[PDB]
Amino acid sequence: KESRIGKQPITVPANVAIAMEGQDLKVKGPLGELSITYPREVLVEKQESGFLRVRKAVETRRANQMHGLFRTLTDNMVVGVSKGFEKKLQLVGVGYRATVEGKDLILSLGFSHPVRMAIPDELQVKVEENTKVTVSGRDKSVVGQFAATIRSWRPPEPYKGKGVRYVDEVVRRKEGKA
Amino acid sequence: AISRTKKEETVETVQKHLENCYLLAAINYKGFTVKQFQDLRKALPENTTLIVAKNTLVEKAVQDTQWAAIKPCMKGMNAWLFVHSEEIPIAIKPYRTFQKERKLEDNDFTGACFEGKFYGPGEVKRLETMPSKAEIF
Amino acid sequence: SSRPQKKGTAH
Amino acid sequence: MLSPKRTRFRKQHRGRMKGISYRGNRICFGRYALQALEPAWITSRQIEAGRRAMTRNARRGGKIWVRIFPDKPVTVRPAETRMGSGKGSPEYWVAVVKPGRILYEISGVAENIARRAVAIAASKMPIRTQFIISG
Amino acid sequence: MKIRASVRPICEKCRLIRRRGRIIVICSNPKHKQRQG
Amino acid sequence: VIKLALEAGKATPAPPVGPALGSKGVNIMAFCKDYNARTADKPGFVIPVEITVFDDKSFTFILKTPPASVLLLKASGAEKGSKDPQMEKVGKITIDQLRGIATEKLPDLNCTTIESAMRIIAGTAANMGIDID
Amino acid sequence: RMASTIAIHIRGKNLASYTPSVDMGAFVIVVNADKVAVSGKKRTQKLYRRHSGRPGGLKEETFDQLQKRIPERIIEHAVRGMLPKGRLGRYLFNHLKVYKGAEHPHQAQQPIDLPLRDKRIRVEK
RNA sequence: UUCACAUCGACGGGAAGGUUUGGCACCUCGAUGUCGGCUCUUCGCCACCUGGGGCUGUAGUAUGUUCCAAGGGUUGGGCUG
RNA sequence: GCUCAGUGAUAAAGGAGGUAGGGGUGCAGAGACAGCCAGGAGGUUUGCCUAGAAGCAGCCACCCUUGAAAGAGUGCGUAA
Ligand SMILES: [Mg+2]
Ligand SMILES: [Mg+2]
Ligand SMILES: [Mg+2]
Ligand SMILES: [Mg+2]
Ligand SMILES: [Mg+2]
Ligand SMILES: [Mg+2]
Ligand SMILES: [Mg+2]
Ligand SMILES: [Mg+2]
Ligand SMILES: [Mg+2]
Ligand SMILES: [Mg+2]
Ligand SMILES: [Mg+2]
Ligand SMILES: [Mg+2]
Ligand SMILES: [Mg+2]
Ligand SMILES: [Mg+2]
Ligand SMILES: [Mg+2]
Ligand SMILES: [Mg+2]
Ligand SMILES: [Zn+2]
């Protein structure tokens with residue numbers, strides 16, 4: 001009940017259509033549709049002033065953790081269908097490059113083969129041949145995921161900073177060879 | 001923190017610096033060096049008193065001394081000027097020139113109080129044009 | 001291992 | 001290594017360890033102290049090590065009293081020695097401590113350096129212990 | 001990652017977490033990573 | 001912007017100064033003779049100097065405090081300070097040498113009075129082992 | 001909790017006419033055998049092992065692999081444990097008819113529903 | 001080099017195992033018998049190699065140490081009871 | 001009332017924002033914790049040592065001043 005997260009109500013802006021059936025929430029915003037189901041304890045209230053205030057059926061430690069989580073969840077699916085989410089990763093090195101073509105993202109990371117990546121519907125990936133890549137999508141979870149999958153292939157190494165990194169990163173740089 | 005005794009003696013020292021002075025000057029500061037703080041404190045303590053205080057610490061010290069019409073000046077950060085000795089224009093004039101050098105250094109003039117009356121950010125221009133005690137007398 | 005077990009009537 | 005200079009009989013009874021020690025209970029010398037929580041047998045080597053550890057970790061802090069001492073002998077029979085034909089040879093010396101007993105006393109430091117030093121001391125002890133402050 | 005019975009924060013930036021029942025130490029620098037066990 | 005330590009009326013040796021601030025694009029003879037003229041206007045002492053440089057290679061420099069350790073080494077008549085300050089005392093200076101070293105170093109301090117400068121110099125002399133009364 | 005009730009009825013222990021040496025019991029038809037519920041982490045932990053009879057002939061399934069592969073075995077194996085063992089035991093166990101679907105082809109036998117007097121037997125989410 | 005915890009880790013302590021050398025004498029005395037090879041298995045994991053990893057005082061190659069891992073592998077000879 | 005470990009079958013030192021209680025002691029309504037904005041100064045590059053030691057290799061001293069506050073400096077870093 002006293003989580004500084006669950007007390008703050010969520011603002012649903014105009015352009016945002018909120019359809020509530022029981023514990024199941026379907027939001028249709030400018031960019032598309034997002035669906036989630038709530039657990040037993042969490043009761044989210046759709047106000048008359050156009051706000052979302054989260055309340056909880058009982059207080060277990062369980063439900064406390066729960067309502068904090070879900071207030072942030074559905075704030076992120078609201079702000080997700082309204083505006084959207086952009087994860088941006090740049091690549092550092094010699095010969096490193098990326099090309100979006102049709103349904104694939106082609107990565108040349110210095111492997112023998114070109115790495116092919118199937119891009120999901122919900123995502124739109126913009127590419128700078130200047131070795132930057134931004135992915136935009138309405139769901140924070142899925143964009144974050146795919147971003148990580150990119151970064152996975154060649155994680156940033158310590159010495160020369162080479163590899164795929166997020167736009168803002170502290171990369172421990174050891175001095176090799178001294 | 002600060003004990004209630006130290007804050008009652010601080011509001012009492014600010015009220016005793018309030019009763020002797022004829023004019024108030026409100027100034028807010030965010031993101032500035034200590035060097036120009038100590039140059040402003042080379043120029044100020046000579047002719048005038050400068051006191052940096054909390055919103056409520058200024059509230060309960062000014063309400064009683066009948067400076068209350070200055071209550072909207074206490075929203076946001078608060079640094080104050082009382083004139084104990086020298087005139088009003090010799091204190092108010094350096095602060096606006098220091099706000100024209102502080103344009104990129106983040107200073108703004110909220111308001112001043114003279115004759116028991118409240119003058120806004122632009123109405124203190126008059127308080128700057130006033131002459132020294134040699135020209136008035 | 002410096003501890004024994006409980007055999008028979010002990011147990 | 002602490003040890004008695006003389007005794008008549010070499011060999012001695014295991015004895016039996018019971019109760020509280022009411023006498024060594026107080027802290028009469030220093031400021032902070034290490035108190036023995038449990039009924040055990042301290043070899044001279046352990047006291048040595050604990051003292052050395054506390055001494056080195058304290059250094060610039062002044063004083064360490066050792067409030068105990070290993071005056072009771074202990075005997076062992078060699079390896080592959082069939083049982084019978086006499087009690088064995090005394091190898092080492094132990095001190096018998098019971099719960100409540102004080103081991104180490106320490107003075108000349110802030111309470112922090114003392115808590116840390118006493119911890120490193122209690123690490124070489126066979127027994128559970130406690131940190132106490134003078135009254 | 002070191003694995004040991006006794007895990008302590010070895011500096012200021014260290015953090016003791018609980019992951020799937022086991023106690024771990026995550027830090028800024030990789031040498032201070034530990035797992036209980 | 002670079003910080004160097006130079007002698008009073010002597011400038012432009014090859015190893016200490018010229019290459020160091022001359023690889024940042026600073027003119028050597030103008031800085032060295034302006035610094036010798038500015039140490040000829042004040043009392044000549046060893047000066048740590050901060051030389052600020054700009055994109056057009058022009059430069060403006062501020063002469064910092066002539067060291068209170070060097071001024072209190074020449075005021076107590078000694079050369080080397082005390083290896084263990086406040087344990088072994090290597091000399092003594094009067095309060096008038098306090099006000100003198102705090103008048104020469106007064107344009108270079110942040111102090112608002114002469115008593116603050118005098119207690120600053122008494123603190124530095126309490127720091128290098130030199131007694132003051 | 002269900003398998004206990006099942007065992008009681010199969011064995012006959014709820015009839016006044018009960019006899020240990022005879023089958024007075026019922027038939028029981030268990031349906032929707034993949035929807036059966038189990039508490040705790042048990043779905044991923046509880047362990048069904050069976051052994052070949054050669055050395056290193058041990059095989060282990062988590063409850064869930066089992067329930068995806070042949071889910072009836074779960075309830076068959078949980079009731080068989082609570083029946084008597086031995087001749088009358090086995091002959092009994094043949095009266096337990098289990099189906100994974102919501103449907104059973106016994107409609108001819110006119111099944112009644114099984115009474116449950118247990119409080120905790122019904123789980124809710 | 002700086003740095004206890006890359007790698008070692010003195011003085012001490014807390015354990016597990018039941019493979020070494022032992023204590024016991026519960027065991028079998030009538031014909032319940034020890035060490036190596038051959039053949040033939042089989043199992044454990046405290047992992048030698050092969051599969052995946054974390055840390056390095058890991059530039060690279062090669063290590064070091066440690067984590068999960070026992071599916072498979074683990075030569076032929078000169079010499080010895 | 002408690003446990004979420006299938007603990008409920010067995011073992012220790014040690015470890016721990018596990019969890020449910022109980023007891024002291026700190027602060028706060030002139031606003032406490034966390035976050036975020038700024039400041040973090042002058043002596044001085046403390047003395048010694050060292051080619052250099054400038055808070056930050058080592059040693060000793062560890063005061064004073066301007067102050068809302070600021071250690072002769074907690075860690076990183078520079079040949080310095
Ligand atoms: Mg045993
Ligand atoms: Mg008793
Ligand atoms: Mg007695
Ligand atoms: Mg112990
Ligand atoms: Mg350790
Ligand atoms: Mg016998
Ligand atoms: Mg026979
Ligand atoms: Mg293993
Ligand atoms: Mg391997
Ligand atoms: Mg490895
Ligand atoms: Mg190498
Ligand atoms: Mg294997
Ligand atoms: Mg095998
Ligand atoms: Mg094998
Ligand atoms: Mg061979
Ligand atoms: Mg168990
Ligand atoms: Zn750390």
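Numbers and lists here come from the model and the stated rules, or from a named source; these are not laboratory values. Note that we place each Cβ from the backbone using ideal geometry, even for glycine, and neighbour counts take in every protein chain shown.
Taking the conditions exactly as written (away from RNA strand H (no atom under 16 Å from the Cβ), within 27 Å of D:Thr7 (Cβ to Cβ), surrounded by 14 or more Cβ atoms within 10 Å (Cβ to Cβ) and not polar (S, T, N, Q)), does D:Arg51 satisfy them or not? Here the answer is no, as D:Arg51 does not meet what is asked. In this entry, G:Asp64 passes the filter for residues that are acidic (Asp, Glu) and touching a helix residue (DSSP H, G or I) at 6+ places or on another chain (Cβ under 7 Å). Count of the stretch A:157-178 residues, restricted to those that are within 14 Å of chain E (Cβ to nearest Cβ) and among the basic types (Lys, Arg), is 3. Taking the stretch A:107-135 as the range and being surrounded by 15 or more Cβ atoms within 10 Å (Cβ to Cβ) and either among the hydrophobic types (A, V, I, L, M, F, W, C) or not in a loop (DSSP other than H, G, I, E, B) (or both) as the test, the residues that pass are A:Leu107, A:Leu109, A:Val115, A:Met117, A:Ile119, A:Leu123, A:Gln124, A:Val125, A:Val127, A:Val133, A:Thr134, A:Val135. Scan the stretch D:90-100 and tell me whether some residue there is more than 15 Å from the chain's Cα centre (by Cα), surrounded by fewer than 19 Cβ atoms within 10 Å (Cβ to Cβ), away from ligand 1 (no atom under 16 Å from the Cβ) and under 22 Å from D:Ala40 (Cα atoms). Yes, the stretch D:90-100 contains at least one residue that is more than 15 Å from the chain's Cα centre (by Cα), surrounded by fewer than 19 Cβ atoms within 10 Å (Cβ to Cβ), away from ligand 1 (no atom under 16 Å from the Cβ) and under 22 Å from D:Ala40 (Cα atoms). When every residue of the stretch B:31-39 is checked against the conditions, at least one turns out to be among the polar types (S, T, N, Q) and either assigned to a loop (DSSP other than H, G, I, E, B) or more than 14 Å from chain F (Cβ to nearest Cβ) (or both).
Would you mind stating whether A:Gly84 is touching a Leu at 6+ places or on another chain (Cβ under 9 Å) and small (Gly, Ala, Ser)? Answer is yes for this residue. Assess whether D:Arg67 counts as being among the basic types (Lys, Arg) and more than 16 Å from RNA strand I (Cβ to nearest atom). For D:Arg67, the condition - among the basic types (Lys, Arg) and more than 16 Å from RNA strand I (Cβ to nearest atom) - is met. Among the residues here, B:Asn47 qualifies as within 14 Å of chain F (Cβ to nearest Cβ), under 30 Å from F:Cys111 (Cβ atoms) and touching a residue at least 40 places away in the same chain (Cβ under 8 Å). All of A:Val143, A:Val170, A:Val133 fail the test of being within 28 Å of E:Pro30 (Cβ to Cβ) and within 16 Å of ligand 17 (Cβ to nearest atom), apart from A:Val170. Select the helices (runs of 4 or more DSSP H) contained entirely in the stretch F:1-84, then report the ones holding at least 2 residues which are of a type in the set (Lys, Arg) and not assigned by CATH to the domain that holds F:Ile121. So the answer is F:28-41.
Among the residues of the stretch A:136-178 satisfying the criterion of being assigned to a loop (DSSP other than H, G, I, E, B) and among the small types (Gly, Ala, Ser), which is surrounded by the fewest Cβ atoms within 10 Å (Cβ to Cβ)? Ranking the qualifying residues of the stretch A:136-178, first place goes to A:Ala178. Whether any residue in the stretch D:106-124 is within 16 Å of RNA strand H (Cβ to nearest atom), in a strand (DSSP E or B) and buried (at least 18 other Cβ atoms within 10 Å of the Cβ) is what I want to check. Within the stretch D:106-124, none of the residues are within 16 Å of RNA strand H (Cβ to nearest atom), in a strand (DSSP E or B) and buried (at least 18 other Cβ atoms within 10 Å of the Cβ).
Taking the listed residues D:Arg59, D:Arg77, D:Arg31, D:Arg52, the one that is within 16 Å of RNA strand I (Cβ to nearest atom) and of a type in the set (D, E, K, R) is D:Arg59, with no other qualifying.
Going by what's in this entry, would B:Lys60 be described as more than 17 Å from B:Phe114 (Cβ to Cβ), assigned to a helix (DSSP H, G or I) and within 14 Å of another protein chain (Cβ to nearest Cβ)?
no
Look through the stretch E:7-37, keep the residues that are surrounded by 11 or more Cβ atoms within 10 Å (Cβ to Cβ), in a strand (DSSP E or B) and among the charged types (D, E, K, R), and return whichever of them is farthest from the other protein chains (Cβ to nearest Cβ). Among them, the one singled out is E:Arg35.
Pairing residues of the stretch F:58-71 that are within 28 Å of F:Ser82 (Cβ to Cβ) with residues that are polar (S, T, N, Q), at Cβ distances under 6 Å and at least 6 apart in sequence or on separate chains, gives F:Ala68/F:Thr124. Quick one: how many residues across the stretch G:46-87 are in a loop (DSSP other than H, G, I, E, B) and crowded, with 16+ Cβ neighbours inside 10 Å? So the count comes out to 2.
Taking (1) within 14 Å of another protein chain (Cβ to nearest Cβ); (2) surrounded by 13 or more Cβ atoms within 10 Å (Cβ to Cβ) in turn, F:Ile101 satisfies each apart from (1).
Residues satisfying the criterion are absent from the stretch D:9-17 (criterion: within 16 Å of RNA strand I (Cβ to nearest atom) and touching a strand residue (DSSP E or B) at 6+ places or on another chain (Cβ under 7 Å)).
Residue-wise test of (1) under 21 Å from D:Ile120 (Cβ atoms); (2) of a type outside the set (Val, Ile, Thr); (3) in a loop (DSSP other than H, G, I, E, B).
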position: D:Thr7; (1), (2), (3): no, no, yes
position: D:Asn25; (1), (2), (3): no, yes, yes
position: D:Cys28; (1), (2), (3): no, yes, yes
position: D:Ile42; (1), (2), (3): yes, no, no
position: D:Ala49; (1), (2), (3): yes, yes, no
position: D:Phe69; (1), (2), (3): no, yes, yes
position: D:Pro78; (1), (2), (3): no, yes, yes
position: D:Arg82; (1), (2), (3): no, yes, yes
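For the stretch F:93-110, check the following and say yes or no: at least one residue is over 21 Å from B:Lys35 (Cβ atoms) and assigned to a loop (DSSP other than H, G, I, E, B).
yes
Conditions tested, residue by residue: (1) under 23 Å from B:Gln36 (Cβ atoms); (2) surrounded by fewer than 16 Cβ atoms within 10 Å (Cβ to Cβ); (3) touching a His at 6+ places or on another chain (Cβ under 9 Å).
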residue	(1), (2), (3)
B:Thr65	no, yes, no
B:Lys71	no, yes, no
B:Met77	yes, yes, no
B:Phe82	yes, no, yes
B:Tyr95	yes, no, no
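Taking every residue in the stretch E:14-34 that is over 17 Å from A:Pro158 (Cα atoms) and pairing it with any residue that is among the hydroxyl-bearing types (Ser, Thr, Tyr), at least 6 positions away or on another chain, the pairs with Cβ-Cβ distances below 9 Å are E:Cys14/E:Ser28.
Entry remark, the stretch A:40-55: residues being surrounded by 13 or more Cβ atoms within 10 Å (Cβ to Cβ) and either free of Cβ contacts under 8 Å to residues at least 12 places away in the same chain or of a type in the set (A, V, I, L, M, F, W, C) (or both) number 6 in total.
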